[PDB]
Asker: 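Can you read through this structure? Questions will come right after.
First listed ligand is number 1; within each ligand, the first listed atom is number 1. Chain letters run A, B, ... following the sequence lines, proteins first, then strands; residues in each count from 1. Reckoned from all heavy atoms, side chains included, excluding hydrogens, waters and symmetry mates.
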Amino acid sequence: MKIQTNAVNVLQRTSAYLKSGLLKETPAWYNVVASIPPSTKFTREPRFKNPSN
Amino acid sequence: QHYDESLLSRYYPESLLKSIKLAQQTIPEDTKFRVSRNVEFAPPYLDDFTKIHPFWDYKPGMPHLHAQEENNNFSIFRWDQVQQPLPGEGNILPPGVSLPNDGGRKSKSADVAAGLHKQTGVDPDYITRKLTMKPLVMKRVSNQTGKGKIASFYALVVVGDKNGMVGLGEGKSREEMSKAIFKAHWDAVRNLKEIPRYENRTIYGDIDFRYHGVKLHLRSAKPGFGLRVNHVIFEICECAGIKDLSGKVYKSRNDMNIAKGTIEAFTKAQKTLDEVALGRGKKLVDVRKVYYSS
Amino acid sequence: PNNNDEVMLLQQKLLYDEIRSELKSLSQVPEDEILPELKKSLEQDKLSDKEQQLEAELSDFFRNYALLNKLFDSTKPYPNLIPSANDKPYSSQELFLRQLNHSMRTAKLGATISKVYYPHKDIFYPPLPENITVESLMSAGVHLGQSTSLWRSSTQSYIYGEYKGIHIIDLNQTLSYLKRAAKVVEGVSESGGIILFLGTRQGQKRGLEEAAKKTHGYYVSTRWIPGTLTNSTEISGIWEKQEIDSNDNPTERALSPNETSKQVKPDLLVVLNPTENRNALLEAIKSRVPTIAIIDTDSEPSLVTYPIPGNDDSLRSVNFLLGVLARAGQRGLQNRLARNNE
Amino acid sequence: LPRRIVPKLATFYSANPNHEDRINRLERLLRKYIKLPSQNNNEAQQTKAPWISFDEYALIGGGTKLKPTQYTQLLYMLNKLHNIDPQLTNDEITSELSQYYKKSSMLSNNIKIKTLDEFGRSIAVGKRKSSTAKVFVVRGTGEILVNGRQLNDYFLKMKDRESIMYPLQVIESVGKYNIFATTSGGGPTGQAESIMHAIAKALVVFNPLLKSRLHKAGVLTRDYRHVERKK
Ligand SMILES: [Mg+2]
């Protein structure tokens, strides 16, 4: 499945609604999500050692 | 209970006092009244029956089965109005229903704004005042069924605030094209997105985007260049707030797919200078803007 | 020392049963046996000054509390137990209460139990996010991913290794992701947002209901109706809303029909089993609702705002992670109610 | 101080928030009182279970959303709480269960205990086809009169006579009662079986413990069959 973009950018899409005026009132989650950014790299990471042996 | 004439004479009219006196001399005070559970003679509410109600009682002077006047002594000589208007307020408007006094005064934008606010929480004022709607495709489609060909109206519209926010909406209706446009306008507001704009006038650089069979080649332009692009792209740029743009469409020129491709290109194929700078850890300077700076 | 107090009552209780039993005995006797003989005695008796005292004291005492009274108005535990006679053996109900007395005092004599896992305590005594260790996560089975044959390679960065034909989730990352997710729940709870807990796998209801209760949130355990968020007016408009103050107490103000039809969108969606709730996740995206979900090795991480890598098949692992998130919400709620007091 | 609008029920986002909230309230009671023993009279099949109808519960349990299986789940929990031993029950359980009892209890019953009259006679009426019978049963020695006439005179068919005797044969009291039967309408079979039905209904007053045996024999059931106009 394609790496989704719209689930981790809710804050940025919401900020466009608020700046334009399409959304009058800031949502309760808005400040919380801004202070705790989601991880959005979704990369494959190399590994250089077998932790068991 | 039997009451003295004095008390009864302060509440009931003189004409009815004789009847009350005779009833209090024929019905013993120790009468144990019983309730009838077969025939309901009295109304379901309390009433002394001393006043004639203008609606719930027969109209004085009107002919009817129980009229007590002689046939030559009726007092209804005008028949152009309803004799007994409804009681109380004068209406029976169901609770929660409004009298249709005014018709045809609705604004479809206000109808879209009210519905979307209730369904999604968007501000009605922004929709009805800040947004501009432009139909892009309006055609009739048809489905072949056993009964016969069923026609439908298809409408593709674009909405935008001319300040970065633009949306594309589609709508279908078997009844009329106006209903299809209403649905498309409704859909377009729900799909509103922000598009990056360089200096709020153009796009960042050039875009070569493929949307299905449509090849879109869009180039940024100098201030005052104007919109020199396919007519479908022109309308979208107008709503979105793009003023300067050049471009050419190759291969498929299907209006529907040009519009969707353009919206997709403006979002998925652009990168702001700020986003490029942060990703690469470099400073990007607009030479033309610095030349005119302090 | 004070047993007589109860003994005084029991004496009356026994006497009352005796009076009632022989009141029913006289209810069978024909009137012809008692009435005429009783009346004859009075015909052969003469009332005295004292006898007359009760002739009118009882008339009023019976014309005041029996006839001219209001029939209605406009030892508490087990108050319906019928005690058995002191000579008779215990009744079944008394034996049950006699066993309950033993269970409280004696049944737990001899030893205490330490370092033993009790399943219910995961729901009722969840730890705080700061006290969670890799050991605790591992004890709950959170590290046990899916079969390597079912691997969704987009989770590669969460995998610690493969063991016994399954992928082992990296608990060091699970802990960091769990702490971040917990802080989000606490923030939204402290801000007054609506938190919905969604889980539709068998057995999850108990955890879901308690999580909602201690965060003053909401839960769905049976089925997510497709369209709950995108088609909310056709599904949830009929249900009742209410206005509440900063202390979460109902204001009692009647709501205008305009306010009772408006969509009430969750501020945060927690999904226990995202692989079976694609509909809800996509609606959350469309509705710009941040979401938290447990991401197993076969689950797509990018579909949620804050993923928590972990086993989603075990009720212990799910309830352990849900409990931590629920307590984080509780602390946020308690911090919001505390700032209102002071 | 700041006020906000929130869903009333914790189950707001479920398919039927009203039913799930009620089920949760009952489930809490069944968890808080898990230990309380259940009635041992349940084996005795106590005849008490007046729960509201599916349609009545739909007023409070989601209306159209209410599903039959959801109503079945409500009854399984209402009965379980109701079947807790009466001595060991508490107010909380009864308070919750009160709201789910049929409101027919508002009124009273229409049945008054039947008793022998001033002359020791049990009077019952019976009907079969177009026939009717009013019998007077008193303690006696087996004397029977039909419309003032001897049984062999009024009823010529021995099978009709055997039908009249059957209820007395079930309780083995053929020689313990005198019967004065009065019958009108229909024919011999309708009248004989209408008398049979009326004797069975009159015998229950003398010993109400034998009603179950009379019902099992089939003599207390009113035969509904009548001549049907061809349709
Ligand atoms: Mg799994």
Asker: Do A:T43 and A:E45 get their side chains close enough for a donor-acceptor pair, meaning under 3.5 Å?
Answerer: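 Distance-only check passes for A:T43 and A:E45.
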
Asker: List for me each residue that meets side-chain contact (heavy atoms from CB on, under 4.5 Å) alongside C:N279, sequence neighbours excluded, and say none if there are none.
Answerer: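 Once residues adjacent in sequence are excluded, the partners of C:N279 under the side-chain contact (heavy atoms from CB on, under 4.5 Å) criterion are C:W224, C:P226.
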
Asker: Between C:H216 and C:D248, does any side-chain donor sit less than 3.5 Å from a side-chain acceptor?
Answerer: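 Yes, a side-chain donor-acceptor pair sits under 3.5 Å.
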
Asker: Measuring from atom NZ of C:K265 to atom CD of B:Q119, what distance do you get when rounded to the nearest 0.5 angstrom?
Answerer: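 If I round to the nearest 0.5 Å, the distance is 11.0 Å.
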
Asker: Leaving out waters, which are not shown anyway, how many protein N, O or S atoms lie closer than 2.8 Å to the Mg ion (ligand 1)?
Answerer: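 Atoms of protein N, O or S type lying less than 2.8 Å from the Mg ion (ligand 1) total 4.
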
Asker: State the OG-CD distance between A:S52 and C:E162, to the nearest 0.5 angstrom.
Answerer: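 Rounded to the nearest 0.5 Å, the OG-CD separation comes to 10.5 Å.
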
Asker: If we count only N and O atoms by modelled type, under 3.5 Å, do the side chains of D:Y57 and D:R22 hold a donor and an acceptor together?
Answerer: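 Result is no, nothing qualifies.
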
